[PDB]
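Contents: one structure, followed by commentary.
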Ligand SMILES: [Mn+2]
Ligand SMILES: [Mn+2]
């Protein structure tokens, strides 16, 4: 007989095409539903466990399937029958299959009830941690956090003992997995038990021979510090952080640096003032560029979170000279990392401190060769603007940013455009016309379309600020000149400018100055300009006076809706509907 | 005033990045815009009658001297027609490397693609070539010497029908007309038998791959039999050369008629009434 | 039908793929649109010419930010939209959607990677499997790739193309005569148009690749003179500066994939041709990825 | 090309330079085959007298070898000069190299000339891709090729081209061409005269005994007699005994396949030897 | 949905066929079922042996036959959807379950004597063979031959050589099939085809099948016979007389049935073309009295 | 030492009477259109004049090179995509822990 689903119809699908095997595994629910649940537990699952396959994708799909097999196996009561096949998957050489198997195991952990967790899952964890192969030992690390909260105290002490043994194992990757899972595992433990069991082994992990285990130890250091009471961190976490920050390997010091802000938040401000600021100092003054860049991006977050009473003293006494040396760093990545956060110190330091100390540092970074530095500096100009006002901005930073309106990289010019409304809103018509109006016009003819779009959108805000008479005197003539340009990009740019300008220029200006220019472009040879004319007439329809619609706009749209280009037809007829 | 106009176009719309204006483009590709190259076509009636004057002159030159069978016509000299044929070949395809009158395997059409495309383009541009071809075909043995032009035009048409993606053949009106005229000329030149000389009547009702298969059957037939002037027997009764396909041993083209009959059968819904044109006798 | 297409384009601009049925209908429409196009497509003068994208979707978004949004900017893409990138599916789907929506504003040519073998080997097939679970989307796109025109012809002067020239091709009429509805062969006239490269040599040469030829300056000079071309626009080769002039301005290579395999660190350029064939190359750097 | 520009990649030119010079060759001159062959051999024999590899007047040492092969790729088109057409190949003698008179031929012991004559037609040849051997070409370069110990290849198909290139790759060997001749009566045949090659295996080839000179040395001769580039080696088909003593240094050189080797291996007498004379 | 689900749930087939939009299509289900049964049995030594006669193959074949029976044995759909080897093996299995021993010639036994379902099965097989020969005679726009991809090269090459073997076998028995079809036209009794119920009863005279008109069966058989004779008529013009008779009989049966087409689906335009072709090729004495178009007038004159 | 072909071809047309010669184009005379006003065609005079003017005056905190699009972007094809050599001239990044298609 060849109709038993269990052996037959499955082991015949071992063909060369892997996708058929994944399809069989993907539809393993249907075969299981066909079988009786008792028959499934008796025959299907032992077949899966005993047999061993050698294709990573099928194994991954099989592990993913077993996480949702609780309904098709007999409910949560019999869910322990899923433990052998996933155990077999947890011992494979491939790491991804192991992680998926551990995920499925901890997903079916919830299905078990406390008694079944103690009866079946905890022996499984013991077997995995006690296995001959290290792969099972690393697999056992991720299983502790889900079995721990819902077991008896003796079993919890046992779990602590096996995690401690696993951490202190001679095998490196087992220690790596244990250190990685230490943060999650220590989350649920009792605090006194954390101090007694986790902390000594954590300190042992930080002092290990290998460097990857130390890196993962410092990773877990943040969570471990966060868990503990503040009265205990001087003797428990802080010596470990001191050890780690001075480690020979730059990877450990780096990942200390990225985690520094969370350490600051966890341990409380007085401990940071006393002990963290030399660690931050020699992280910024460190030899390696990676750790210097990692520390630089944390300067703003670190300084903002200190106690205000002793904050500025810390900043100028310890942080600021290190910043001064980082601004002239040889590596451009360090300078870029510093640039993205340096303006955040302006409200913290105050106005006079910013002018005397921070402003030369901004100016030095605004003239850097590296584009990333220049881009990161400008993006946070609103902060320094609000701090020092605009008189100091015009005195110090305005000539530097005007030089950056012609930058080689267009994202710098985009930042400058994005920061023009602020300046406009804080400066008069006369000064803006003297200095910056030509800059606003220079961008409309830029090569990059994003620059032209940003400048067009910026014109709307500029007209909103300085009124429409200023627009008629300074904005409109230079926009209309672009309509006669031989490049169709510039004609389309005027159509976009008219799109954003009709809204703010009012009925009269739109009717008599902008509309006749829009209508004469219907005879353009480029179809793109023609259907953008149709789009513009659709868009400036509401803000035109209603008298010139049927007389002037409608004949042009009627001429366009019979045009030869299909896109011109479509946009002309869409405009015709919208005009109603 | 190219530079004067260019100076006018250099008026800066905006004051410029720093009071100094730079031109937008990095250069000009070629010598600027190409001219439109507007075409011109004369009256079609005057073209028809100019062709008539030329063809009547050529017929007078080619005809033998000369009531003598009042309903009949003079015989066109195959030597004069041969002269017309060789000068036609020289005018259209002077680079006659594969100028054997025997036809090669149809795979060789893939080696002479440029030559065949040149021939096809010249037939497209000059409609007079088809008129001269049927003038040549009026004298039977002369169209043997035009074998290279026929082969090249057939290869061009075969490539077109192979590359055609339409389901109907009328979307390529010139190629349909050219295939029809080609099969008609080689039938009138007695290079094809009556059965295989009538397929052009059903070309307009066929799909591109079907007409391609029929023209490949034509090519296969010409491989088997060949447009060789030695096959033409002079008949002193009427003073004309005659190609009798029945003595050729396969003159009906039965292997090459099987394809035509299958094409008829497949499209019998539209090609039923045309079955009479392809009867065996 | 058009509204749904606009919705798909808006969705695809955010790097969210379509469903299998959507891809099927899109490729049906694209097939029925690409049937009518010749092997040598005729493109009007104002157009932006782009080289390989190779599935770098965010770099394609940077390209659109530089040159402009379709349909406002006419675009000519010279093949190689898939493989060597993480978002080949989204890239090719967006380009096909733009072709279906804006027929006369988008020209998408066939690259050498628009073939079943190259897609199978170099990750478009794998990406399709990962993002859909079955090869049906890959089937639809590879069947659609057979429909793509081989070359374009801007103004009758500039001969856009992916690979290069062939010893067996002397005229554009030969290219127009080719049957492009097929998998790209390993040898022959169609292979060279997608696989050949220019070289600083004399005459023809064996390509370092397994396909195509490598041709010197005299080849491109004779081709341009015989076919009345002023320039052969091109793709298919990494350019560190994004574009490079070759053969005394007879050939220009354009590469529109900055930081090509996410490791080459190259720039990317696009040739913007205005109404009067005045060109300008817009070099751009890879986008900032989150 | 002319001698100032004939040499594109000579001595002390790296591979990239060779590739760049090969890629940019242009065919724009006359068929000066003899002059170019003379310049090529002069380039090969440029440093022979500096390093004393020829060992003039001191015996011919098969282990003093700088093995080179000239693969000349050409067509069968007739040889040309400014004056007219040369119906035959003649290497010029003007501007003799210093010491060129010591060997009466331009080519040397360890040099072989191979001709790849391209006869590829402009039409797709109807001949099938037959697996037969490559024909010898009938151009003016074939006698010079055969004299040097090489051979000419006639090519008229890419398949034939591949076949000749494979055979040429198999013919890159370190050895010296010996002009084997038959002395005495039989024990006008292919094995009577042959310009075969004897292999020399390094490891820096090691050897002791030279091939004898074609003259008796004397201390009163003002000038050294000229040398044949291929020593005329005469064998007697007598089947003598191959006497050897235990500790003697004897040089053993494996002959390449040839009709003479075919004859010797067909008579099947491995315990006897043919005495060899100069 | 996949094929094995129909094996695990036996009644899933009926449920899926009542769906307005069955995914996969029923023809695709037939393809899957017969392809699964077509896999050669492979032992542990990895050696090709013919597929086993196990319960799996039998139930796969029965499922395919049930799906075919669902479509009322419409040969048109099975022809344009299923390949020649697939439909060939399907019909051979249909003969097998209907108690027709392999090797027996269909022209020997009388069709009237056998049960209506068995007779209709033999009739459908011979009709399919005739139509297969006719269709294989036609030209088809061949797919462009790309570079060899061995994984698919092997499969369609073995498919193509299997198709060629089946075609020469059918051509060898073409006269026998024509005679079988001719004999079936003489029958005047009600005919029944294999339904779900009859196949189910056969899993482990008679009117258990679905009633089929004698007129419709006569019409379809006459149409196929006329097509076969028209295919043969090119080589022998005398054969066209038979084809004219068959197509006019088909026309008369169409007129008789009127518009109650259930199993008899015949293209009227193709039939009209066949009638015109037969009229031109074999001009009857009464065709002269019928209105002749100027085309036919010129041909006759 | 003579194999380098360090000589210039006789780029001249020896003019017959019935000394002076008509020169020919060379490979080494790459047009320094910014550095030499004789290399500028008449049709390209105005836009190129604008370009060299901008190249001269707008060099404030920029670069004063020769002609763009010629001295650069006309690189030999062999060096066109030499990314291995190109990456060396760029600063290194920060550490964190059918035959060919222009890369792996
Ligand atoms: Mn490419
Ligand atoms: Mn590419």
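All residue numbers here begin at 1 and follow the chain in the order shown.
Cβ coordinates come from backbone N, Cα and C, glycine included.
Here Swiss-Prot flags A:1-392 as region 'PP2A subunit B binding'. Under the heading region 'Polyoma small and medium T antigens Binding', Swiss-Prot lists A:40-314. Sequence annotations record features per position, and here Swiss-Prot assigns region 'SV40 small T antigen binding' to A:78-232. Taken from Swiss-Prot, the feature repeat 'HEAT 5' covers A:155-193, and the record attributes it to experimental evidence. Sequence annotations record features per position, and here Swiss-Prot assigns repeat 'HEAT 6' to A:194-232. The annotation repeat 'HEAT 7' is assigned in Swiss-Prot to A:233-271 on the grounds of experimental evidence. Per Swiss-Prot, repeat 'HEAT 11' is recorded for A:393-431, and the stated evidence type is experimental evidence. The annotation repeat 'HEAT 12' is assigned in Swiss-Prot to A:432-470 on the grounds of experimental evidence. If you look up Swiss-Prot, you'll see A:510-548 marked as repeat 'HEAT 14'.
Same-chain residues lying 6+ beyond the ends of the repeat 'HEAT 6' (A:194-232) with a Cβ under 8 Å from its Cβ atoms: 160, 163-164, 167-168, 172, 175-176, 178-180, 182-187, 239-241, 243-244, 247, 249, 251-252, 255-256, 259, 262-263, 265-268, 271.
A Cβ distance under 8 Å defines the sequence-distant neighbours of the repeat 'HEAT 11' (A:393-431), meaning residues of its chain 6+ beyond its ends; these are 355, 359, 362-363, 366-367, 371, 374-375, 378-379, 381-382, 384-385, 439-440, 442-443, 446, 448, 450-451, 454-455, 458, 461-462, 465-466, 470. With DSSP classes pooled into helix, strand and coil, the tally for the repeat 'HEAT 7' (A:233-271) is 32 helix, 0 strand, 7 coil.
Sequence-distant contacts of the repeat 'HEAT 7' (A:233-271), counting only residues of its own chain at least 6 positions beyond either end whose CB sits under 8 Å from a CB of the stretch, comprise 195, 199, 202-203, 206-207, 211-212, 214-215, 217-219, 221-222, 224-226, 279-280, 282-283, 286, 288, 290-291, 294-295, 298, 301-302, 305-307.
According to DSSP, the secondary structure content of the repeat 'HEAT 12' (A:432-470) in residues is 35 helix, 0 strand, 4 coil.
Sorting each residue of the repeat 'HEAT 6' (A:194-232) by its DSSP state yields 33 helix, 0 strand, 6 coil.
When the repeat 'HEAT 11' (A:393-431) is classified with DSSP, helix, strand and coil residues number 30 helix, 0 strand, 9 coil.
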